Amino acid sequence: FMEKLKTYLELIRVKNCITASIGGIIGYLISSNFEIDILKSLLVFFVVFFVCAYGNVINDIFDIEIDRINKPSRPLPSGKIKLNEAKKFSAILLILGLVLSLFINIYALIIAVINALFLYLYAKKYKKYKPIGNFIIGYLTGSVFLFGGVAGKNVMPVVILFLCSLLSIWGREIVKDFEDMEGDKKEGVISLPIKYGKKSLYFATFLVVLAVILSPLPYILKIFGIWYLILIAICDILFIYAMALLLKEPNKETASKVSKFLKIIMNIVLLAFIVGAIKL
C-alpha cells in the first residue's frame, strides 16, 4: 500500500495538482485582498486539486497505448494500475471536485464542469488537434485563477488575469507549434503553423496584442496602483518587442528564444497581480 499510494500519486501527478491548487489560492488571495477565510481556502484548493487530478487520470487512460511505447514505466502501461481501476478512480475524483464546488457558488460549479469537459475532450482528441488544443491549454491555465477569484469578494482583477493568461498562453502555444513544425508534421499532428505557415504568427501576435490591451484595466478601473502599472508597462513593451522579433525572423531558433522569453514575462505579470493585490 506504500508502493500502491506512490503509484496513485504518480497517476494523478500530485506535484502538478498542488501547483494548480496554489494557482487557485493565488486567485482567491487577489479576489479577497488577502482577507482569507480558511473553509473557503480549503474548498478552492481541493476543487482545483480534484479536477486537475481527474484531468491527469483521464489523460493517462486515453494515452495507455501511446505510453506503452513512449513511457512504459507510467502506472497504466507498466500494469501497476489496471485500466478499469483508473476509470473508476477518475469518476471518484470528478464527483468530489464537482460536489465540493457546490459549496463555493454557481460560478465555481460552471468552471469545474467546463474544465472537466475540456480535460476529457483534450485527452480524447484535441491534444493532437492543436488549433483547438492551443486554446484549451490557455483556457485551462487561466481558469485555475478564475476558480479562486469567484470565491472572493472582488473577482474583476482576477477576470483580467484569467483573460490575459488565456490569450498570451494560447499565443505562446502557437509560437511553440511553429518551433516544433518538422517533428509535428512527421507525427500526424495538425497545427496552425503546419496549415498556414508564417501567417499563424500574425494570429499569435493578435492574441498577445489583445492581452496587452486588457492588461492596464486593473489600474484604469482603480483596483490596483502604481506598482502594478509600472510592472505591466515594462512587460507590455517586452511582449510587443518579442513578437515583433519573431515576425522579423520567422524561424525555429527565434520561435524557441521567444517561447522562453514569453514564459519569463508571464511570471513577472503574475507577480504584478500579486503585488497589486498587496493593498493591505
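The numbering used is simple: start at 1 and walk along the sequence shown.
Once the C-alpha B-factors are averaged per stretch, 29 to 37 and 236 to 244 rank with 29 to 37 first. With 178 to 186 and 111 to 119 compared on mean CA B-factor from the PDB entry, the stretch scoring higher is 178 to 186. Of the candidates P75, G138, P157, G97, it is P75 whose Cα B-factor is highest according to the PDB record.
Taking only the listed residues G171, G133, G197, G149, the entry reports the highest CA temperature factor at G197. Ranked against the other modelled residues of its chain, the C-alpha B-factor of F145 as given in the entry falls in the lowest third.
Compared with the other modelled residues of the chain, the Cα B-factor recorded for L163 ranks in the lowest third. Annotation for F206: CA B-factor lies in the lowest third of the chain's modelled residues. Residue-level temperature factors show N59 in the middle third of its chain, judged at the C-alpha atom.
Ranked by C-alpha B-factor against the other modelled residues of its chain, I223 falls in the middle third.
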